[PDB]
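Reading through the structure tokens given below for one structure.
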Amino acid sequence: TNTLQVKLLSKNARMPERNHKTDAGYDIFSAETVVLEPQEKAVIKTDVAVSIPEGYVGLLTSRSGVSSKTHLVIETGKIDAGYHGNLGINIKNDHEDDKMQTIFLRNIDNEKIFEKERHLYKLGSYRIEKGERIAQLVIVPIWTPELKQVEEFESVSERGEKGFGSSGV
Amino acid sequence: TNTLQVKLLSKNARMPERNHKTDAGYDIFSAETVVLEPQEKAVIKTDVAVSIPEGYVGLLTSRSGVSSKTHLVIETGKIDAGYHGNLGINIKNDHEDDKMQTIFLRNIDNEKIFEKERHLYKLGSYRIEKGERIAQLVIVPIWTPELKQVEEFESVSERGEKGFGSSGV
Amino acid sequence: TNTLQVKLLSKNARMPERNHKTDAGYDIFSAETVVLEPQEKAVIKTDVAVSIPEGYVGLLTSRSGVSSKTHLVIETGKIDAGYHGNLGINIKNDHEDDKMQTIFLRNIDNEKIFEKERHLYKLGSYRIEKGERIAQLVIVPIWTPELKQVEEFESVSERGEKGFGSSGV
Ligand SMILES: O=c1ccn([C@H]2C[C@H](O)[C@@H](COP(=O)(O)NP(=O)(O)OP(=O)(O)O)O2)c(=O)[nH]1
Ligand SMILES: O=c1ccn([C@H]2C[C@H](O)[C@@H](COP(=O)(O)NP(=O)(O)OP(=O)(O)O)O2)c(=O)[nH]1
Ligand SMILES: O=c1ccn([C@H]2C[C@H](O)[C@@H](COP(=O)(O)NP(=O)(O)OP(=O)(O)O)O2)c(=O)[nH]1
Ligand SMILES: [Mg+2]
Ligand SMILES: [Mg+2]
Ligand SMILES: [Mg+2]
Ligand code: NI
Ligand code: NI
């Protein structure tokens, strides 16, 4: 109770850190330096393993700062209780490939990185540095009941079969 | 307690299944065969209805395998307690429409499906087969209090009004 | 217990509202009128502040109606306990910029808005009106333990290091 086991898989790995006392998640550091071109997909290694206890799920999800400023989209990962593998960040550079070329790379602050050597990149390309906080881990309790098949449900709800914007907008 | 009612709506429907003993969600099978072109949006029918009890929400969310390998993006659906309608998978083929043509269709393993007959498809088109696990359902408890309007909050937090990457990166 | 403090920041702000008795979230109204061109990113102000108590997280997430009908993509925001700032909707118009022009704007019902004056817009542009329900807030309890670094985990799980579609599809 009130203790989570964390296993670092390499020297490139870093221990997750909570920002404030009442904050929800633990900021996840990147273990590798990755360059992502427009519309490219990848799984960023963190070299961090956790042992979520039974009755809980981990949500490997994006940070508001990175997601709002950059075209980097992270799909929220559902970390199962007992997953002792490498926590991978399911990421996509969602910037459009307009077939235009630039001489700069973007950082996770959406700013152009200063380089001494001349290089030609695609417009919308991002670079993630090793040891940068690009994601966070929020752990929530879960309900895992036994499924019971029925002909119809025992009670009629006020909601019914209404959905997908059945109310106003 | 510890029992969830599930109602199958057709012969094309399949009962949700949990992968491991300590796993979080129940894998959701597709009830229909759908072909999705680049940048096309659809709501995939599962023909499965559930009865989430009061004080819980269902999260109809993507699987890591499908989402990381394919351009198929699923928006996490919040299933209300008492929604007895058809569970629809809010999906988009997020592949770019580069106006290029191919003779193959992709499966949910991102592999080109072998076909005897010659057909011309758009580059980035996917095909979802009936009875395939493309999504999962994770059920979490919720807090639904009565809202109280105030002039200002009763306590000052260490966080304050800071957000959107107020700390480092 | 069973009470959430809400602070309205302007006259343009509106109090969040729950749709049904057993519904999960509170519908969030937009405080500003915003026009979003293809592939444009923005943070929509709600002028609403909340005081989430310790041990809970708020999920500022999209509604199924808007997300399924429109190209408007909202990233689920994790609202920390004690965040008294303006709740911003992290949004992107994910419609492709095909360099085509139209004389109509889309509403959040994906319908073309009737206008008396002639204007030229980009194809895929959306308009969000002030006082429209574009998002919702679902509050879930969290587990925030102290992190303990270990050489290896105390128990071997049936899952192990398997992930990213290790089972079938
Ligand atoms: O992906 C989804 C999302 C929701 N749903 C169902 C479950 C939920 O009870 C219902 C409506 O969900 P939301 O309240 O989150 N969206 P919205 O507010 O637009 O619909 P409504 O106006 O009917 O509440 O639709 C799905 O079947 N699939
Ligand atoms: O969509 C959002 C997401 C977050 N927020 C607020 C709530 C939260 O308390 C705060 C920061 O959220 P995160 O910690 O998840 N993102 P980040 O770590 O980048 O910001 P910070 O560095 O300030 O913690 O911003 C919004 O208003 N809208
Ligand atoms: O972003 C992610 C998502 C999942 N994972 C891990 C944790 C989880 O226990 C495992 C599989 O998660 P899912 O069950 O949600 N996806 P899928 O059903 O496709 O994989 P599998 O078939 O192995 O269960 O992969 C990550 O490391 N990063
Ligand atoms: Mg943070
Ligand atoms: Mg799974
Ligand atoms: Mg709703
Ligand atoms: Ni999500
Ligand atoms: Ni896109």
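Naming scheme: A, B, ... for chains in displayed order of the structure tokens; residues 1 onward per chain; ligands 1 onward as shown.
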Practice task
Could you tell me, as number ranges by chain, which residues of segment 9-164 of chain C DSSP assigns to alpha helix (DSSP H) when given the backbone?
Solution key: C: 64-69
Exercise answer, chain B residues close to chain A, 9 Å and only C-alpha atoms, as a PDB file with N, CA and C atoms, in the first residue's frame:
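File written: out_39.pdb
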```pdb
ATOM      1  N   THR B   1     -22.869  -6.104  -7.402  1.00  0.00           N
ATOM      2  CA  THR B   1     -21.403  -5.968  -7.156  1.00  0.00           C
ATOM      3  C   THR B   1     -20.632  -7.061  -7.898  1.00  0.00           C
ATOM      4  N   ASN B   2     -19.516  -6.662  -8.512  1.00  0.00           N
ATOM      5  CA  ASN B   2     -18.618  -7.559  -9.256  1.00  0.00           C
ATOM      6  C   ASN B   2     -19.298  -8.340 -10.394  1.00  0.00           C
ATOM      7  N   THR B   3     -20.314  -7.729 -10.998  1.00  0.00           N
ATOM      8  CA  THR B   3     -21.030  -8.319 -12.128  1.00  0.00           C
ATOM      9  C   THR B   3     -21.491  -7.223 -13.089  1.00  0.00           C
ATOM     10  N   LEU B   4     -21.146  -7.378 -14.365  1.00  0.00           N
ATOM     11  CA  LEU B   4     -21.566  -6.438 -15.402  1.00  0.00           C
ATOM     12  C   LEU B   4     -22.458  -7.120 -16.435  1.00  0.00           C
ATOM     13  N   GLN B   5     -23.620  -6.520 -16.679  1.00  0.00           N
ATOM     14  CA  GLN B   5     -24.575  -7.031 -17.658  1.00  0.00           C
ATOM     15  C   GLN B   5     -24.163  -6.638 -19.074  1.00  0.00           C
ATOM     16  N   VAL B   6     -24.098  -7.631 -19.958  1.00  0.00           N
ATOM     17  CA  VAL B   6     -23.744  -7.414 -21.361  1.00  0.00           C
ATOM     18  C   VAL B   6     -24.839  -7.989 -22.263  1.00  0.00           C
ATOM     19  N   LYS B   7     -25.269  -7.193 -23.238  1.00  0.00           N
ATOM     20  CA  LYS B   7     -26.340  -7.577 -24.155  1.00  0.00           C
ATOM     21  C   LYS B   7     -25.842  -7.560 -25.600  1.00  0.00           C
ATOM     22  N   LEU B   8     -25.852  -8.731 -26.234  1.00  0.00           N
ATOM     23  CA  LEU B   8     -25.466  -8.857 -27.639  1.00  0.00           C
ATOM     24  C   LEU B   8     -26.650  -8.507 -28.534  1.00  0.00           C
ATOM     25  N   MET B  15     -18.807 -11.466 -27.503  1.00  0.00           N
ATOM     26  CA  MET B  15     -18.610 -11.134 -26.096  1.00  0.00           C
ATOM     27  C   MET B  15     -17.198 -10.594 -25.857  1.00  0.00           C
ATOM     28  N   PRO B  16     -17.085  -9.454 -25.147  1.00  0.00           N
ATOM     29  CA  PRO B  16     -15.781  -8.894 -24.781  1.00  0.00           C
ATOM     30  C   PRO B  16     -14.957  -9.866 -23.937  1.00  0.00           C
ATOM     31  N   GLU B  17     -13.638  -9.837 -24.110  1.00  0.00           N
ATOM     32  CA  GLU B  17     -12.744 -10.759 -23.410  1.00  0.00           C
ATOM     33  C   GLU B  17     -11.515 -10.070 -22.829  1.00  0.00           C
ATOM     34  N   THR B  22      -4.841 -10.081 -14.478  1.00  0.00           N
ATOM     35  CA  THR B  22      -4.719  -8.766 -13.843  1.00  0.00           C
ATOM     36  C   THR B  22      -4.804  -7.605 -14.843  1.00  0.00           C
ATOM     37  N   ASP B  23      -5.245  -7.903 -16.064  1.00  0.00           N
ATOM     38  CA  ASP B  23      -5.421  -6.880 -17.099  1.00  0.00           C
ATOM     39  C   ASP B  23      -6.555  -5.911 -16.772  1.00  0.00           C
ATOM     40  N   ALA B  24      -6.471  -4.711 -17.341  1.00  0.00           N
ATOM     41  CA  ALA B  24      -7.390  -3.627 -17.013  1.00  0.00           C
ATOM     42  C   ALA B  24      -8.705  -3.668 -17.788  1.00  0.00           C
ATOM     43  N   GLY B  25      -8.622  -3.911 -19.093  1.00  0.00           N
ATOM     44  CA  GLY B  25      -9.788  -3.805 -19.966  1.00  0.00           C
ATOM     45  C   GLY B  25     -10.299  -5.094 -20.577  1.00  0.00           C
ATOM     46  N   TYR B  26     -11.426  -4.982 -21.276  1.00  0.00           N
ATOM     47  CA  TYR B  26     -12.006  -6.087 -22.028  1.00  0.00           C
ATOM     48  C   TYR B  26     -11.931  -5.763 -23.512  1.00  0.00           C
ATOM     49  N   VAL B  50     -23.805  -2.570 -22.884  1.00  0.00           N
ATOM     50  CA  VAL B  50     -23.437  -2.833 -21.489  1.00  0.00           C
ATOM     51  C   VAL B  50     -24.273  -1.992 -20.528  1.00  0.00           C
ATOM     52  N   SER B  51     -24.363  -2.436 -19.276  1.00  0.00           N
ATOM     53  CA  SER B  51     -25.063  -1.677 -18.245  1.00  0.00           C
ATOM     54  C   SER B  51     -24.121  -1.305 -17.106  1.00  0.00           C
ATOM     55  N   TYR B  56     -19.645   4.848 -11.888  1.00  0.00           N
ATOM     56  CA  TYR B  56     -18.576   4.331 -12.742  1.00  0.00           C
ATOM     57  C   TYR B  56     -18.722   4.852 -14.171  1.00  0.00           C
ATOM     58  N   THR B  61     -11.563   2.688 -25.397  1.00  0.00           N
ATOM     59  CA  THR B  61     -10.285   3.241 -25.831  1.00  0.00           C
ATOM     60  C   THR B  61      -9.490   2.262 -26.702  1.00  0.00           C
ATOM     61  N   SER B  62      -8.515   2.795 -27.437  1.00  0.00           N
ATOM     62  CA  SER B  62      -7.711   2.022 -28.386  1.00  0.00           C
ATOM     63  C   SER B  62      -6.761   1.029 -27.715  1.00  0.00           C
ATOM     64  N   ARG B  63      -6.303   0.049 -28.493  1.00  0.00           N
ATOM     65  CA  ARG B  63      -5.261  -0.874 -28.051  1.00  0.00           C
ATOM     66  C   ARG B  63      -3.911  -0.399 -28.582  1.00  0.00           C
ATOM     67  N   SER B  64      -2.860  -0.606 -27.791  1.00  0.00           N
ATOM     68  CA  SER B  64      -1.511  -0.144 -28.133  1.00  0.00           C
ATOM     69  C   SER B  64      -0.971  -0.765 -29.420  1.00  0.00           C
ATOM     70  N   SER B  67      -2.943   0.884 -32.533  1.00  0.00           N
ATOM     71  CA  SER B  67      -2.672   2.323 -32.626  1.00  0.00           C
ATOM     72  C   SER B  67      -1.227   2.670 -33.007  1.00  0.00           C
ATOM     73  N   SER B  68      -0.271   1.879 -32.522  1.00  0.00           N
ATOM     74  CA  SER B  68       1.152   2.118 -32.796  1.00  0.00           C
ATOM     75  C   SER B  68       1.584   1.637 -34.182  1.00  0.00           C
ATOM     76  N   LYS B  69       0.934   0.585 -34.672  1.00  0.00           N
ATOM     77  CA  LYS B  69       1.271  -0.014 -35.964  1.00  0.00           C
ATOM     78  C   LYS B  69       0.524   0.630 -37.128  1.00  0.00           C
ATOM     79  N   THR B  70      -0.704   1.082 -36.874  1.00  0.00           N
ATOM     80  CA  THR B  70      -1.574   1.608 -37.931  1.00  0.00           C
ATOM     81  C   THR B  70      -1.900   3.091 -37.745  1.00  0.00           C
ATOM     82  N   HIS B  71      -2.366   3.725 -38.819  1.00  0.00           N
ATOM     83  CA  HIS B  71      -2.796   5.124 -38.788  1.00  0.00           C
ATOM     84  C   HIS B  71      -4.231   5.281 -38.268  1.00  0.00           C
ATOM     85  N   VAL B  73      -6.838   5.951 -35.667  1.00  0.00           N
ATOM     86  CA  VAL B  73      -6.929   6.681 -34.405  1.00  0.00           C
ATOM     87  C   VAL B  73      -8.336   6.565 -33.821  1.00  0.00           C
ATOM     88  N   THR B  76     -11.061   8.114 -27.299  1.00  0.00           N
ATOM     89  CA  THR B  76     -11.549   7.460 -26.087  1.00  0.00           C
ATOM     90  C   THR B  76     -12.975   7.906 -25.782  1.00  0.00           C
ATOM     91  N   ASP B  80     -21.379   6.398 -20.381  1.00  0.00           N
ATOM     92  CA  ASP B  80     -22.160   6.778 -19.205  1.00  0.00           C
ATOM     93  C   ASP B  80     -22.830   5.581 -18.544  1.00  0.00           C
ATOM     94  N   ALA B  81     -23.005   5.672 -17.227  1.00  0.00           N
ATOM     95  CA  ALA B  81     -23.745   4.673 -16.471  1.00  0.00           C
ATOM     96  C   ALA B  81     -25.211   4.692 -16.897  1.00  0.00           C
ATOM     97  N   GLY B  82     -25.659   3.590 -17.490  1.00  0.00           N
ATOM     98  CA  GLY B  82     -27.034   3.471 -17.965  1.00  0.00           C
ATOM     99  C   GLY B  82     -27.197   3.630 -19.467  1.00  0.00           C
ATOM    100  N   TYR B  83     -26.081   3.658 -20.195  1.00  0.00           N
ATOM    101  CA  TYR B  83     -26.124   3.682 -21.655  1.00  0.00           C
ATOM    102  C   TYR B  83     -26.312   2.266 -22.191  1.00  0.00           C
ATOM    103  N   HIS B  84     -27.518   1.980 -22.675  1.00  0.00           N
ATOM    104  CA  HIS B  84     -27.862   0.643 -23.153  1.00  0.00           C
ATOM    105  C   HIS B  84     -27.888   0.549 -24.680  1.00  0.00           C
ATOM    106  N   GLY B  85     -27.336   1.565 -25.339  1.00  0.00           N
ATOM    107  CA  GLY B  85     -27.254   1.594 -26.796  1.00  0.00           C
ATOM    108  C   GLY B  85     -26.071   0.814 -27.338  1.00  0.00           C
ATOM    109  N   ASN B  86     -25.933   0.824 -28.661  1.00  0.00           N
ATOM    110  CA  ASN B  86     -24.835   0.150 -29.341  1.00  0.00           C
ATOM    111  C   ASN B  86     -23.522   0.892 -29.114  1.00  0.00           C
ATOM    112  N   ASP B  94      -6.132   8.321 -39.903  1.00  0.00           N
ATOM    113  CA  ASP B  94      -5.404   9.588 -39.859  1.00  0.00           C
ATOM    114  C   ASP B  94      -4.252   9.675 -40.870  1.00  0.00           C
ATOM    115  N   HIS B  95      -4.190   8.711 -41.790  1.00  0.00           N
ATOM    116  CA  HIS B  95      -3.187   8.720 -42.854  1.00  0.00           C
ATOM    117  C   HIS B  95      -3.443   9.869 -43.825  1.00  0.00           C
ATOM    118  N   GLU B  96      -2.359  10.483 -44.292  1.00  0.00           N
ATOM    119  CA  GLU B  96      -2.424  11.621 -45.200  1.00  0.00           C
ATOM    120  C   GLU B  96      -2.894  11.203 -46.593  1.00  0.00           C
ATOM    121  N   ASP B  98      -2.203  11.800 -49.949  1.00  0.00           N
ATOM    122  CA  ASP B  98      -1.177  12.343 -50.840  1.00  0.00           C
ATOM    123  C   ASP B  98      -1.530  12.177 -52.322  1.00  0.00           C
ATOM    124  N   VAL B 138     -12.137  -0.127 -20.566  1.00  0.00           N
ATOM    125  CA  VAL B 138     -11.621  -0.013 -19.204  1.00  0.00           C
ATOM    126  C   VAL B 138     -12.612   0.782 -18.355  1.00  0.00           C
ATOM    127  N   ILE B 139     -13.088   0.170 -17.275  1.00  0.00           N
ATOM    128  CA  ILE B 139     -14.086   0.796 -16.407  1.00  0.00           C
ATOM    129  C   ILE B 139     -13.443   1.341 -15.130  1.00  0.00           C
ATOM    130  N   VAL B 140     -13.630   2.639 -14.897  1.00  0.00           N
ATOM    131  CA  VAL B 140     -13.083   3.317 -13.718  1.00  0.00           C
ATOM    132  C   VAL B 140     -14.184   3.995 -12.890  1.00  0.00           C
ATOM    133  N   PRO B 141     -14.024   4.024 -11.551  1.00  0.00           N
ATOM    134  CA  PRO B 141     -14.968   4.746 -10.689  1.00  0.00           C
ATOM    135  C   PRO B 141     -14.888   6.257 -10.889  1.00  0.00           C
ATOM    136  N   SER B 157      -3.590  27.245  -3.165  1.00  0.00           N
ATOM    137  CA  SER B 157      -2.767  26.081  -3.488  1.00  0.00           C
ATOM    138  C   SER B 157      -1.352  26.476  -3.903  1.00  0.00           C
ATOM    139  N   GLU B 158      -0.415  25.544  -3.733  1.00  0.00           N
ATOM    140  CA  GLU B 158       0.973  25.736  -4.152  1.00  0.00           C
ATOM    141  C   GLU B 158       1.096  25.787  -5.675  1.00  0.00           C
ATOM    142  N   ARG B 159       0.144  25.158  -6.359  1.00  0.00           N
ATOM    143  CA  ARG B 159       0.075  25.184  -7.817  1.00  0.00           C
ATOM    144  C   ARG B 159      -0.398  26.547  -8.332  1.00  0.00           C
ATOM    145  N   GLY B 163       0.054  26.415 -15.351  1.00  0.00           N
ATOM    146  CA  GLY B 163      -0.278  25.296 -16.229  1.00  0.00           C
ATOM    147  C   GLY B 163       0.398  25.384 -17.583  1.00  0.00           C
ATOM    148  N   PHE B 164       0.071  24.429 -18.455  1.00  0.00           N
ATOM    149  CA  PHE B 164       0.600  24.355 -19.825  1.00  0.00           C
ATOM    150  C   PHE B 164       2.124  24.494 -19.914  1.00  0.00           C
ATOM    151  N   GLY B 165       2.829  23.638 -19.180  1.00  0.00           N
ATOM    152  CA  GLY B 165       4.289  23.633 -19.173  1.00  0.00           C
ATOM    153  C   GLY B 165       4.901  24.782 -18.394  1.00  0.00           C
ATOM    154  N   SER B 166       4.334  25.071 -17.221  1.00  0.00           N
ATOM    155  CA  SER B 166       4.844  26.125 -16.338  1.00  0.00           C
ATOM    156  C   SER B 166       6.189  25.735 -15.727  1.00  0.00           C
ATOM    157  N   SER B 167       6.373  24.435 -15.499  1.00  0.00           N
ATOM    158  CA  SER B 167       7.666  23.885 -15.108  1.00  0.00           C
ATOM    159  C   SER B 167       8.533  23.679 -16.353  1.00  0.00           C
ATOM    160  N   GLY B 168       9.688  23.039 -16.183  1.00  0.00           N
ATOM    161  CA  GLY B 168      10.610  22.794 -17.292  1.00  0.00           C
ATOM    162  C   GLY B 168      10.106  21.774 -18.300  1.00  0.00           C
ATOM    163  N   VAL B 169      10.991  21.359 -19.202  1.00  0.00           N
ATOM    164  CA  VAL B 169      10.629  20.416 -20.255  1.00  0.00           C
ATOM    165  C   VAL B 169      11.790  19.483 -20.598  1.00  0.00           C
TER     166      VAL B 169
END
```
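For the set A:101, A:93, A:46, A:33, the residue with the smallest atom-to-atom gap to ligand 8 is A:93, counting only C-alpha atoms and all ligand atoms.
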